[PDB]
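For the entry's author numbering, add 7 to where a residue sits in the sequence shown, where the first one is 1.
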Amino acid sequence: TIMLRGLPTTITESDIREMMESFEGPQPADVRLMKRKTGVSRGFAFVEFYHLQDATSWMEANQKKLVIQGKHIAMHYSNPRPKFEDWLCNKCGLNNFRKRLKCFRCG
Ligand SMILES: [Zn+2]
C-alpha cells in the first residue's frame, strides 16, 4: 500500500496502469484509484502488492521518477492514522472504523 497524490479529475484507473506495466520491481497485485459518492476520483490513489520486496524496490529507485500531466508525484508509505476507539483485524492487520463491523481487506 503506497499512495500517489494529484491525479487529475478525468483520469481513469487504467490511465495510471497503462504506463505502470513497465516500472521496476516485480508486477503488483492490486491498484485502487480512490472513488467518491458521485463517481469521481479525488486526487489520491493507493497501490497494494503481492510481496514486500517488490514494493520496497518500487519506492527504492524511482520515488521521484513518475511524470504524468507534466507534474511529478510522490509515492509514499501508507500507515493507518486512527482515533480513540478503533479496533484491529486478526487476519489482515488492517485498521478500520468503529461503527463498521467488517474489515476492508477480507471482511
Ligand atoms: Zn483485515
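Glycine included, every Cβ here is placed at the ideal spot set by N, Cα and C.
Residue environment for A81: exposed (fewer than 16 other C-beta atoms within 10 angstroms of its C-beta).
Annotation: the continuous alpha helix (DSSP H) that includes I23 extends over 20 to 24.
With 7 Å as the limit between CB and the heavy atoms of ligand 1, the residues that fall short of it are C96, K98, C99, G100, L101, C110, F111, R112, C113. Note: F53 is bridge-paired with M10, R39 in the DSSP secondary-structure output.
Taking every protein chain shown into account, the CB of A36 has fewer than 16 other CB atoms within 10 angstroms, so this residue is exposed. In terms of CA proximity to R88, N103 leads the group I75, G77, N103. For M66, the enclosing alpha helix (DSSP H) has its first and last residue at 59 to 68. In the structure shown, the three-state DSSP call for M82 is strand.
Residue pairing by DSSP places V74 opposite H79 in a beta bridge.
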